[PDB]
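Novice: Can you keep this structure in mind? I'll have questions shortly.
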Amino acid sequence: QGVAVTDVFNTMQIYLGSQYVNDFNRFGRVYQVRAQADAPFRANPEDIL
Amino acid sequence: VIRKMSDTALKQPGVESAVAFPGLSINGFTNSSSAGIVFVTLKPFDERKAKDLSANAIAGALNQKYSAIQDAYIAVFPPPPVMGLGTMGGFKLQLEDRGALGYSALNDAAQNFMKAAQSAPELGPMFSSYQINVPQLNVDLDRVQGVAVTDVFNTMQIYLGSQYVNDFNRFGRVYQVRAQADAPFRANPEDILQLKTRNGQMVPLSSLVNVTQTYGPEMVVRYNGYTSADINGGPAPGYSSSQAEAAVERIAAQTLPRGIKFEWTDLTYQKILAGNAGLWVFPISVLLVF
Amino acid sequence: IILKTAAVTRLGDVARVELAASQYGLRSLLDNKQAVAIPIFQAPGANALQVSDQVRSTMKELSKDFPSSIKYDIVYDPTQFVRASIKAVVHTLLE
Amino acid sequence: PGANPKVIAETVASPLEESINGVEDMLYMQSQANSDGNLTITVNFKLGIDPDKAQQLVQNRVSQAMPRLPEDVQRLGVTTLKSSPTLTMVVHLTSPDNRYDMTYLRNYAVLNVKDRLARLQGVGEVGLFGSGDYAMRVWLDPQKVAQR
Amino acid sequence: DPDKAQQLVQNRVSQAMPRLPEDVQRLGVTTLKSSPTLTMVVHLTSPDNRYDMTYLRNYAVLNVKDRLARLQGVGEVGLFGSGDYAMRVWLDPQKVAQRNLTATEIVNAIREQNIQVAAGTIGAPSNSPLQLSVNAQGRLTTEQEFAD
Ligand SMILES: CCCCCCCCCCCCO[C@@H]1O[C@H](CO)[C@@H](O[C@H]2O[C@H](CO)[C@@H](O)[C@H](O)[C@H]2O)[C@H](O)[C@H]1O
Numbered sequence: 023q024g025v026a027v028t029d030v031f032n033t034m035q036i037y038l039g040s041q042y043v044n045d046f047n048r049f050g051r052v053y054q055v056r057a058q059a060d061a062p063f064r065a066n067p068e069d070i071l
Numbered sequence: 002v003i004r005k006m007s008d009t010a011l012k013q014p015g016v017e018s019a020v021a022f023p024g025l026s027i028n029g030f031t032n033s034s035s036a037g038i039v040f041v042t043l044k045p046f047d048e049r050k051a052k053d054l055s056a057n058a059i060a061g062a063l064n065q066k067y068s069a070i071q072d073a074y075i076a077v078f079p080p081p082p083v084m085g086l087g088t089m090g091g092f093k094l095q096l097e098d099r100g101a102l103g104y105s106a107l108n109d110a111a112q113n114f115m116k117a118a119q120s121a122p123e124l125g126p127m128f129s130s131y132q133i134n135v136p137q138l139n140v141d142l143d144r145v146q147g148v149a150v151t152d153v154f155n156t157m158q159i160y161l162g163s164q165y166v167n168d169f170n171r172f173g174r175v176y177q178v179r180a181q182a183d184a185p186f187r188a189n190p191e192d193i194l195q196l197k198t199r200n201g202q203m204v205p206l207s208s209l210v211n212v213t214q215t216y217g218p219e220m221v222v223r224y225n226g227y228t229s230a231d232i233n234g235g236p237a238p239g240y241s242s243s244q245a246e247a248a249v250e251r252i253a254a255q256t257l258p259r260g261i262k263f264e265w266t267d268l269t270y271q272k273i274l275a276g277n278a279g280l281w282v283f284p285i286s287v288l289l290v291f
Numbered sequence: 056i057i058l059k060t061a062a063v064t065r066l067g068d069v070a071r072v073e074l075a076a077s078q079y080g081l082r083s084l085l086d087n088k089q090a091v092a093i094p095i096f097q098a099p100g101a102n103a104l105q106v107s108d109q110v111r112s113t114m115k116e117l118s119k120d121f122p123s124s125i126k127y128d129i130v131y132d133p134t135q136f137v138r139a140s141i142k143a144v145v146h147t148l149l150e
Numbered sequence: 784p785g786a787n788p789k790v791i792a793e794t795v796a797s798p799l800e801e802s803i804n805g806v807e808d809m810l811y812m813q814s815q816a817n818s819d820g821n822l823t824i825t826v827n828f829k830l831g832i833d834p835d836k837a838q839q840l841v842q843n844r845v846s847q848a849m850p851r852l853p854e855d856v857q858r859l860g861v862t863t864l865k866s867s868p869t870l871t872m873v874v875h876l877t878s879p880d881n882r883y884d885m886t887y888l889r890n891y892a893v894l895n896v897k898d899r900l901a902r903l904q905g906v907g908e909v910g911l912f913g914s915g916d917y918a919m920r921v922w923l924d925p926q927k928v929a930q931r
Numbered sequence: 021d022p023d024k025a026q027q028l029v030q031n032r033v034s035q036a037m038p039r040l041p042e043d044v045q046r047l048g049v050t051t052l053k054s055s056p057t058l059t060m061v062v063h064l065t066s067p068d069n070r071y072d073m074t075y076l077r078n079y080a081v082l083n084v085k086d087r088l089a090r091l092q093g094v095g096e097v098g099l100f101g102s103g104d105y106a107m108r109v110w111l112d113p114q115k116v117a118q119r120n121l122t123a124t125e126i127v128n129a130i131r132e133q134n135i136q137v138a139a140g141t142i143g144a145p146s147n148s149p150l151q152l153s154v155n156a157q158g159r160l161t162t163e164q165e166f167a168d
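Residue numbers (this note's numbering), protein chains in the order written: chain H, 23 to 71; chain V, 2 to 291; chain W, 56 to 150; chain C, 784 to 931; chain B, 21 to 168.
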């Protein structure tokens, strides 16, 4: 197939792990924005498949 | 205006020289486009031996001559006794919002505080520097053709604002290369509507953004992490400075709404922190001598 | 600099390049004459008159290499006051 | 450069203020944001503290908050310095013939005078008030750019 | 003296910072001395179970830590809770794949619509009687704006 190792690694890192993207402001202070998969979709080892 | 003022001042018999800084503000020694400072240095002490050549007479005559400009607000001040120190006769404090209410709420609180202070005794005139009356432009973009927000913001960033690209070498040292629009092409509020952007086709911003005129501040002062406004004052004649702080605290206990606090800043803060702890030295010395 | 090739489009006919200042917003004048100002501060725990005398001497030394239309000037020196005070003190003692 | 006072007050000054506070023996901090896009934060210490230790602590604290700042600010860079209150003299440099402008005079003072006037014994610091240093300025015409 | 050791450690780690991966250096690393002596512990509870751990910890950060830190003699103040605030997005891979969409494209898209804008002034070397600043809409603040 035409898939790349970087593609699957990035998808696995973003979904199963975490990814800190940009910042925002609230209550006069700076906070973070993070991306992660929903909990019920990452509860079993078969979910990776 | 500063040139005319210096020309007028350089004819006084007592003065020696005048240095001018058109574009410098006295509030924090920052840069402002609608303010100016002139230092006037006098003749040596030997020549100005007459009574009418004293500093106060020079200041009075200069103020009287300046009061006929009809173009700006002009004030004359004497030098401070010690450089780097704050005012030692009056006092200053900060009104700051713990809850991060906004600018309008802080301005209303400041006006209410000034009204309450002017309605109360044991206080003289009070000054402030908080201003929200500076005009400005506000541009809004709607989400209604293949154009991207990033491009329509980058064009405005690079044309109206300055962009720093690369470096170069000359005279042995290193300097910068900057890009900006020509002066005649950005001197009007309607010039923002004449820029163009890509997508492949050329399209102007006349069908993308709208511009309106609004009001706001010019300089932002932040004290201890929160936005704050400065309040200057002094004790009323006939009373000491001890009761002035008590009166200020008493009136602030009521005139300040929720989420607004006040704090001493200079000199008075150190006097309160040190406290009355050096009053034992005279009894100690008397006992030692006895 | 060549930007787009089609006919060649250069930087000269699209924009105007020049050498200028990197920051505008502050102007300094002395008697309505364009000039520059430089004040000198001391380090803590130093001498007052020695640094002043060295400054005058080195400015006089550098004045020889200045171009035709460039000159320097002394405007303000607040080290004079102590210069007076000590002087007065001595007189009192003598008297 | 090119920033609005609210933008520089929120995006730039807030992380620096949130990181800097906490060092020993402070009284207060002040931050000023100006319309032209300049931010100045001054922090004072209690009497008796050696300036070198305070400068070192401030440097250590500011070095931690650099990655959170915007790309333009990082590329330009921020600078820190201890303040010297006492003044001993001021000197002006003039062009009586009106042959040289402000920027050339300022850069001439920078090139050779300041370096020799900074190496004497007892000098804390010297400033320079006037126009900026040299730069290659390109002024663009949007009409010609859009034409091509 | 702890100050010299902290300065040496900071000077050493600042040299080795560039070799670290992008994520850790973009998040940042911290260094600080250790105070072995503890004087008091204080808790701050919600009897009615109206507030969870996160809000309570953030409130303690916002309104309690700053006042306690400025006290005289305090070395450091700790905090053991659930963490500071953050804007969390939870993705559903099935719906993402339904739209022929990938996660990296989503991350790129969210990163480009939540940036602040810097706009130059109007009539700043110009010959206009007035100079007016320009501002636009930058960072988002509410959850609805993020969802839109
Ligand atoms: C020839 C070169 C000389 C170099 C001199 C060194 C620079 C000295 C800078 C002095 C700074 C200004 O110093 C001090 O500023 C404050 C703050 O505005 C002035 O304080 C002023 O406040 C406001 C206006 O702002 C007035 O309503 C008030 O009546 C007046 O006191 C003082 O009158 C002045 O003594």
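Cβ coordinates follow ideal geometry from the N, Cα and C atoms, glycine included.
Residues of the stretch 126 to 160 of chain B in Cβ contact with chain V at a cutoff of 9 Å, in chain order, please.
Specialist: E132, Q133, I135, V137, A138, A139, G140, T141, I142, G143, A144, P145, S146, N147, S148, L150, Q151, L152, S153, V154, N155, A156 and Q157
Novice: Any heavy atom of ligand 1 closer than 6 Å to the beta-carbon of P45/V?
Specialist: no
Novice: With a Cβ-Cβ cutoff of 7 Å, do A156/B and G162/V count as a contact?
Specialist: no
Novice: Against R4/V, what residues of chain W qualify as contacts under a CB-to-CB distance less than 9 Å, listed in chain order?
Specialist: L84 and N87
Novice: Determine whether the Cβ of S797/C lies closer than 7 Å to any Cβ atom of chain H.
Specialist: So yes, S797/C belongs to the interface.
Novice: For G162/V, decide whether its Cβ has a neighbour in chain B, counting only Cβ atoms nearer than 7 Å.
Specialist: yes
Novice: Grouping DSSP H, G and I as helix and E and B as strand, with all else coil, what is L876/C?
Specialist: Judged by DSSP in its simplified three-state form, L876/C adopts strand.
Novice: Does the stretch 273 to 290 of chain V come close enough to the stretch 832 to 841 of chain C that 3 or more CB-CB pairs lie under 8 Å?
Specialist: The stretch 832 to 841 of chain C, when compared against the stretch 273 to 290 of chain V, does not touch it at the 8 Å Cβ threshold.
Novice: Suppose contacts are defined by Cβ-Cβ distances below 7 Å. Is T42/V in contact with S68/V by that definition?
Specialist: For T42/V and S68/V, no; Cβs fall outside 7 Å.
Novice: Should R108/B go down as buried or exposed, given a rule of 16 or more other Cβ atoms within 10 Å for buried?
Specialist: exposed
Novice: Under 7 Å between the Cβ atoms of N200/V and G147/V?
Specialist: Between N200/V and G147/V, the C-beta spacing is below 7 Å.
Novice: Give the secondary structure of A144/B by DSSP, where H, G and I count as helix, E and B as strand, and everything else as coil.
Specialist: coil
Novice: Starting from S77/W, follow the alpha helix (DSSP H) in both directions and report where the run begins and ends.
Specialist: Here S77/W belongs to no alpha helix (DSSP H), and DSSP marks it neither H nor E.
Novice: Given this structure, state the Cα-to-Cα distance separating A62/W from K197/V, to the nearest angstrom.
Specialist: 23 Å
Novice: For the beta strand (DSSP E) holding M220/V, just list the boundary residues, first then last.
Specialist: It is not in any beta strand (DSSP E) - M220/V carries neither H nor E in the DSSP assignment.
Novice: In chain order, what residues of the same chain have a beta carbon less than 8 Å from the beta carbon of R77/B, not counting five sequence neighbours either side?
Specialist: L99, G101, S102, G103 and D104
Novice: Does ligand 1 have even one heavy atom less than 6 Å from the beta-carbon of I27/V?
Specialist: yes
Novice: Anything in chain W within Cβ reach of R179/V, meaning under 8 Å, just list it in chain order.
Specialist: Those within 8 Å of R179/V in chain W are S77.
Novice: What whole-angstrom Cβ distance do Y216/V and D98/V have, given they're in contact under 8 Å?
Specialist: With a Cβ gap of about 19 Å, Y216/V and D98/V do not count as contacting.
Novice: Is it buried or exposed for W281/V, if we count other Cβ within 10 angstroms and need 16 for buried?
Specialist: The residue is exposed, with fewer than 16 neighbouring Cβ atoms inside 10 Å.
Novice: Against chain V, with Cβ distances strictly below 7 Å, would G67/W count as a contact?
Specialist: no
Novice: Using DSSP bridges, identify the partner residues of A57/H.
Specialist: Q41/H and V109/B
Novice: List the DSSP bridge partners of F263/V.
Specialist: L96/V
Novice: Could you list which residues in chain H have their beta carbon closer than 9 Å to that of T124/B, in chain order?
Specialist: Within chain H, the C-beta atoms nearer than 9 Å to that of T124/B come from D29, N32, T33 and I36, in chain order.
Novice: Distance, Cα to Cα, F128/V vs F30/V?
Specialist: 18 Å
Novice: Please say whether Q97/W and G831/C have beta carbons closer to each other than 7 Å?
Specialist: In this structure, the beta-carbon distance from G831/C to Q97/W does not fall below 7 Å.
Novice: By the three-class DSSP mapping on this structure, what secondary structure does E908/C have?
Specialist: strand
Novice: I need the DSSP call for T213/V, collapsed to helix, strand or coil.
Specialist: Looking at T213/V - three-state DSSP - the assignment turns out to be strand.
Novice: For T877/C, is the beta carbon positioned less than 6 Å from some heavy atom of ligand 1?
Specialist: no
Novice: Just to confirm the assignment, what range does the beta strand (DSSP E) spanning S34/V have?
Specialist: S34/V -> beta strand (DSSP E) spans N32 to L43.
Novice: Please confirm if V137/W has its CB atom under 7 Å from at least one CB of chain C.
Specialist: Not a single C-beta of chain C is nearer than 7 Å to the C-beta of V137/W.
Novice: What do you reckon, is the C-beta of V873/C under 6 Å from a heavy atom of ligand 1?
Specialist: yes
Novice: Restricting to Cα atoms, I'd like to know which of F828/C, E801/C, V845/C and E800/C is closest to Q30/B.
Specialist: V845/C
Novice: Check the Cβ of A89/B against every Cβ in chain C and list those closer than 9 Å, keeping chain order.
Specialist: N804 and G805
Novice: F49/H by DSSP, collapsed to three states: which one?
Specialist: Here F49/H sits in coil by DSSP.
Novice: Hey, how far is the Cα of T266/V from the Cα of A60/V?
Specialist: 30 Å
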